[PDB]
């Protein structure tokens, strides 16, 4: 099942969409400069692009490290991004009351992994009618995603994207099960599946190999963070990186699926 996001077609058999951006919105000018670089590189390579940032990063290393600009100023900045670049945007919500104001501005609203079973939030998100990105908790299996999906459907919203971010593998370590992509496709009605490579690892050097492995399984999109300069990609390496992802994606998508 495909989802239309303005003029973008998101689907497991369409050219991959980059959900790309930064961790926390904490500025106007710098946000715009980083977005500008994403837009320039993705336009150059012809890759559909959705800008990502959180306005409230609620799980930070220290309690007084900056949470971000917050909802009201964050939405102002997202409005500027859309008016300048003409692209869709994505951001996460944390409480039901945020869902309406965020959804009026942002094309995709995201359910944080740690809140993915919070029924009140799921219902409030569903009722916006907005496209939703569901972050898969590291402690949840791929077959258990249908249960979150069912809840969204019961509440009247089937415009859902499932986002892989790795699975707990012993202490303080994540593994990405490449077989989980297929399980999610087969058990949740072939909804768009995307891959958060940034939150799947702890080391920067391995991002390309891990991203290519995931995209080899035939996915709707790649979800990453960069920094203007730990796992975030150096922004200057974006073009070299995306050249490789596009190469593989273009190959994989050009062939029809082979049933075993």
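Numbering follows the first chain given and starts at 1.
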Residue 29 to residue 30: deposited residues not modelled, binned count -> none
Ranked by mean Cα B-factor in the entry, 163-171 and 185-193, top stretch is 185-193
Comparing mean C-alpha B factor in the record for 142-150 and 105-113, the higher one is 142-150
Scanning 218, 199, 52, 60 for peak Cα temperature factor in the entry gives 60
Assert third(CA B-factor, residue 208) within chain per record equals lowest
Among the modelled residues of its chain, the C-alpha B-factor of residue 230 falls in the third labelled highest
Here the Cα B-factor of residue 134, set against its chain, lands in the third termed lowest
By the entry's values, the third containing the CA B factor of residue 177 is the lowest
So, residue 118's CA B-factor, relative to its chain, sits in which third? The highest
